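Shown next, in structure tokens, is the structure this report addresses.
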Amino acid sequence: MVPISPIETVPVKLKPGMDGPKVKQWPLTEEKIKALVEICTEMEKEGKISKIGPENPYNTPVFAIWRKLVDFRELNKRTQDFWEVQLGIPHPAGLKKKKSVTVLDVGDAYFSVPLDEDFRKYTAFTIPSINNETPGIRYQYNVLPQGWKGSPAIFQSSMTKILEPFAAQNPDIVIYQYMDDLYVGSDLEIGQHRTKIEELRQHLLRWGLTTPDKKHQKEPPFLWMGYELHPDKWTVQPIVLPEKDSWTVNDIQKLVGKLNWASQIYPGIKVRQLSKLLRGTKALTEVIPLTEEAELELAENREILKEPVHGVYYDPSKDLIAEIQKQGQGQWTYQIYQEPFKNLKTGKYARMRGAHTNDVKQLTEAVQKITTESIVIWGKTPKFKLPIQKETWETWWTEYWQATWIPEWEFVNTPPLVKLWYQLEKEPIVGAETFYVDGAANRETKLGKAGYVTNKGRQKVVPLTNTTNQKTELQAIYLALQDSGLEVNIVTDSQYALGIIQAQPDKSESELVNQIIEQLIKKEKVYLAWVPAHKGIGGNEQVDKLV
Amino acid sequence: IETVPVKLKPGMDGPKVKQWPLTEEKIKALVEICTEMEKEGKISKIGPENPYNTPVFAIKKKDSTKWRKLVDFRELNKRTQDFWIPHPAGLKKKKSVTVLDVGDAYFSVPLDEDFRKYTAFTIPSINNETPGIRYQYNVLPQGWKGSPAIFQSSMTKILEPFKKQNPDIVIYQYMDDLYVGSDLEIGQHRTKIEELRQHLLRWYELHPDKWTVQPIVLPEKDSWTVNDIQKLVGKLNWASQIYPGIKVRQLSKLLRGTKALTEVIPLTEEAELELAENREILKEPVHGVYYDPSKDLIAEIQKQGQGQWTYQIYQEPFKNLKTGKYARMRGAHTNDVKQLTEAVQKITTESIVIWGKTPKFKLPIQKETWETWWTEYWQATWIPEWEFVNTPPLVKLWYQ
Ligand SMILES: Cc1c(Oc2ccccc2OCCn2ccc(=O)[nH]c2=O)cc(N(C)C(=O)CF)c2ccc(C#N)cc12
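So, in structure tokens, the structure goes:
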């Protein structure tokens, strides 16, 4: 016999202060018991388990469906935490084309990885005897049990340690491990590739691990995690939008799932309205009528999802490019590619929940997201194509009160273009009228007043019902914008209104703020000055609006 | 040569912080560095039984083309037991201070066995292809708060001759940095620094004297417009929260009437007297401003434009312990984030020199932008805490 190299065991402990499992065995039928006695006899003959005496106080229930299934949920609750086998799943767009990709089944290596001997006593299980007239058969696991908490991590780390020298001494190939399957790709000639595959089978056999000489079942196109992987391209598994006369909540969640999933390769997918219908529902069986905007959006989705679209694989020798388009209502779409017309992947970005916003902030956020995703997938930041003029961005970031930055980018003339809709002046305007505004409300009756007085003697006070102080302050500014010329100075005491306008929004939840924005767009020059209230600053007439 | 027992605070488990994604060049740099360190025994590979993790990335210090390994030990530091020197109050009063990187010395002292598993870090893989290379430290790691505490005895033994030779030189230690303050000439200071580095070998010009606190100043004008007076009344009203006797009613008396903003208004005599009294009040220091070692230090930064940034360090509102204006231009003329990161590093350094601890920052930047880009310009061995302010503060121009 050729000596088999031993696989180093991983020291495993339980959670601190806890004890091993002690669960009552399920009573089983005579046929199930016989089947489990046969299966466990074979496994004991193979070395996966071993008989134990009565000194072992721990027990884990066993089942059969034969097939033996051990319910390790309690031992999983009591087992230590392990380092995650995978922090995330790879993305197909990050893969690199290979001339040959072979799949090796290392499933027989799963039960060949030994378990820490001091931990085996916690895997004890009992087969009930026939009619329970004898003591049940006591077994314990000598290898990693399927279903135990630490089996995938210990298995993957052991396989990694085994594969390390082979991968090191063969840099001209690529080895990946996923569950009980290995994937070996290379650009070598097919003969050399099969040769190095045989070399890998031998190297794995030096640990007693057997790879089947049988032709593997997996073959192109690989269907994996909702993906189709082809020799030269990748895509998502076929997305079919069903034809429904009426749509419930689970139909809309399945449709937004198919659309979110399809958005990574199909450009232009929008999910704003369909997901908007699911706002604050929390009822799975509730039928919700479909808005017209959801109908137009769904029709555009069916038009985009008409024919199949594929993504290419990553070529590290070419540059990485990400182009962004605005779609309206806080929706953005982007394509990541290296050659024109051939996308690596696509995606979308929806604006965050906010009371006020502008297009430039949303574009900045989208760029940050794309940067993070690209570093995840390809390890580098892509060069951007953005629908915004260089001068627009320069004005924005130079005048913005926050610090901001986007990486290397170039302007692409793809409307709608992100633009600055208004810019406040830095100094007062000579020759322009000066509107001193103010507003006030009663906290009980919700009655208020908003108005202004100007340096030319122009005045206005308007009474308002069902309003607040903040509302009357905004309303006062709005009145000043309404009744002034193209250039106007505005003096307020509202730190609230100044806080809103200095954030430079172009859209808002409040219709009043949107009206103020629409007024600011029409102006040529607007200077907004702030003063402390109730300090006797004339012109600023608090008494005129508190009547 | 002998390990000192180290433990965690009661009831606290080890750190389990997600490793953030890295570029390919930083990953390769960390692979080379960690390979060399593993050959030197400073780190060792670990198995899946170690669930703890601390983030890691790579930087390039000033005047160097070699990559350096930075470990974000913040979570482990706040989870590590408190170790137990009064802060040298004369270090900030010295004319000049030089910062030295003494992090290599820590690697000569082994780390406590049972504690090593808490220093675990992960070199990540691109696109989650491989599980990532996991390591743990066998010696004192740079960035961990226990490293200077454990090495304090050895450091005292190494610095004992130099301290006995020059009683006029102040020596402070914080994390992996050694601050050496003196009053000599720049050439004599550099030769003395070479003397200390060759003294440490066989075993950053900073001038706090050119730093002072900044008072509130008011404009001096011969003609005042309505807008000028309005801004003056606003700034004095803001200053009245800090200084008691600030009075504005005589100046607000001039704003009576609805006048154009650009209209010149002559000051009455009562307004001039009020303004002069206010200047005199602003010339004095703030009443009852003390430092409390039991409280956190808070640092606020405002972007003033044109590469200018203002900052305040305080513990209670309107009780500023330090104020300053960083306007330095060093290869960041087109990058706001780089300027902000350098500003945070300088303010943290000053705070280390003055109080011996780092402040908590309030950064005028969106969380996603900062968290996306700050590691690209970071050059310090320590990392402070920070939060993000999303509403524009009115007081910005009152610090300009
Ligand atoms: C075929 C395959 C993977 O493919 C490669 C394996 C080795 C080298 C390079 C490779 O991809 C290059 C691109 N490529 C792709 C396909 C092709 O036919 N030709 C190609 O050139 C990678 C995977 N993933 C994501 C892993 O994590 C594996 F651990 C897989 C996961 C599940 C299944 C199934 N069922 C198949 C996988």
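Taken in sequence, the protein lines are chains A and B.
Numbering (the entry's author numbering) for the first sequence: -1 to 63, 71 to 552.
Numbering (the entry's author numbering) for the second sequence: 5 to 88, 94 to 212, 232 to 428.
Every residue, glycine too, gets a C-beta built ideally from N, C-alpha and C.
CA-CA distance, residue i and residue j?
i, j, result
"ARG125 (chain B)", "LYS49 (chain B)", "12 angstroms"
"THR397 (chain B)", "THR7 (chain A)", "44 angstroms"
"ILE326 (chain A)", "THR400 (chain A)", "25 angstroms"
"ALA98 (chain A)", "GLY262 (chain A)", "20 angstroms"
"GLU42 (chain A)", "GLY15 (chain A)", "32 angstroms"
"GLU28 (chain B)", "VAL148 (chain A)", "37 angstroms"
"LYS20 (chain A)", "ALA129 (chain B)", "33 angstroms"
"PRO433 (chain A)", "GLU291 (chain B)", "10 angstroms"
"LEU429 (chain A)", "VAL496 (chain A)", "13 angstroms"
"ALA360 (chain A)", "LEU391 (chain A)", "25 angstroms"
"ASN57 (chain B)", "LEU149 (chain B)", "17 angstroms"
"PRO25 (chain B)", "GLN343 (chain A)", "21 angstroms"
"residue 65 (chain A)", "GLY316 (chain A)", "Since chain A is numbered 63 and then 71, with no step between, residue 65 (chain A) has no place in the structure shown."
"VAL35 (chain B)", "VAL90 (chain A)", "20 angstroms"
"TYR319 (chain A)", "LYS30 (chain B)", "20 angstroms"
"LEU100 (chain A)", "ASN136 (chain B)", "8 angstroms"
"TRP153 (chain B)", "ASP86 (chain A)", "24 angstroms"
"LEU310 (chain B)", "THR362 (chain A)", "39 angstroms"
Consult DSSP for residue i and reduce its assignment to one of helix, strand or coil.
i, result
"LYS22 (chain B)", "coil"
"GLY333 (chain B)", "strand"
"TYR144 (chain B)", "strand"
"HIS208 (chain A)", "helix"
"residue 559 (chain A)", "Since the first residue of chain A shown is -1 and the last is 552, residue 559 (chain A) is not available in this structure."
"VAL372 (chain B)", "helix"
"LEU234 (chain B)", "strand"
"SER117 (chain A)", "helix"
"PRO119 (chain B)", "strand"
"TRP88 (chain B)", "coil"
"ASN494 (chain A)", "strand"
"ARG143 (chain A)", "strand"
Any heavy atom of ligand 1 inside 7 angstroms of the beta-carbon of residue i?
i, result
"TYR115 (chain A)", "no"
"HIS235 (chain A)", "yes"
"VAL317 (chain B)", "no"
"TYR532 (chain A)", "no"
"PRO59 (chain A)", "no"
"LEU228 (chain A)", "yes"
"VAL179 (chain A)", "yes"
"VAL106 (chain A)", "yes"
"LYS366 (chain B)", "no"
"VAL189 (chain A)", "yes"
"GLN182 (chain A)", "yes"
"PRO225 (chain A)", "yes"
"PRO95 (chain A)", "yes"
"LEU168 (chain A)", "no"
"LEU109 (chain A)", "no"
Counting along the chain, where does the alpha helix (DSSP H) carrying residue i start and finish?
i, result
"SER515 (chain A)", "Unbroken run through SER515 (chain A): none, as it is neither H nor E."
"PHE124 (chain A)", "122 to 125"
"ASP256 (chain A)", "254 to 267"
"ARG277 (chain B)", "277 to 280"
"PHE160 (chain A)", "156 to 174"
"residue 554 (chain A)", "The question about residue 554 (chain A) has no answer here: the residues shown for chain A are numbered -1 through 552."
"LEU279 (chain A)", "277 to 281"
"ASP488 (chain A)", "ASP488 (chain A) -> no alpha helix (DSSP H), and no H or E assigned at all."
"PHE171 (chain B)", "161 to 174"
Which residues bound the beta strand (DSSP E) around residue i?
i, result
"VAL60 (chain B)", "60 to 63"
Problem - Near-chain B residues of the stretch 509 to 520 of chain A (beta-carbon distance less than 7 angstroms), N- to C-terminal order - result: Answer set for the stretch 509 to 520 of chain A: empty.
Problem - Residues of the stretch 380 to 398 of chain A whose Cβ lies closer than 9 angstroms to any Cβ of chain B, in chain order - result: Across the stretch 380 to 398 of chain A, CB contacts with chain B closer than 9 angstroms involve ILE380, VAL381, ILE382, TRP383, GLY384, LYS385 and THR386, in sequence order along the chain.
Handout entry: Residues from the stretch 471 to 497 of chain A in contact with chain B, defined by Cβ distance under 8 angstroms
Key = Under the 8 angstroms Cβ criterion, the stretch 471 to 497 of chain A contributes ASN494 and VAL496.
Practice task
Please list the residues of the stretch 280 to 294 of chain B that have a C-beta atom closer than 9 angstroms to any C-beta atom in chain A, keeping them in chain order.
Solution key: So the close ones are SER280, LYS281, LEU282, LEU283, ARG284, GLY285, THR286, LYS287, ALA288, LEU289, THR290 and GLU291.
Problem - Where the stretch 84 to 108 of chain A meets chain B: residues whose CB sits under 9 angstroms from a CB there - result: Residues passing the 9 angstroms Cβ filter: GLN85, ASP86, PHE87, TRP88, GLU89, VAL90, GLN91, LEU92, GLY93, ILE94, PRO95, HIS96, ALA98, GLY99 and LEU100.
Exercise for the section: Name, going along the chain, the residues of the stretch 520 to 544 of chain A whose beta-carbon falls closer than 9 angstroms to a beta-carbon of chain B. Expected result: Flagged, chain order: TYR532, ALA534, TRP535, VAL536, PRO537, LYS540, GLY541, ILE542, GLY543 and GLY544.
Problem - Near-chain B residues of the stretch 150 to 180 of chain A (beta-carbon distance less than 8 angstroms), N- to C-terminal order - result: Per Cβ criterion, the list reads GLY155, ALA158, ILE159, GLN161, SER162 and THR165.
Problem - chain B contacts from the stretch -1 to 19 of chain A (Cβ-Cβ distance under 7 angstroms) - result: Cβ contacts with chain B: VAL8, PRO9 and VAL10.
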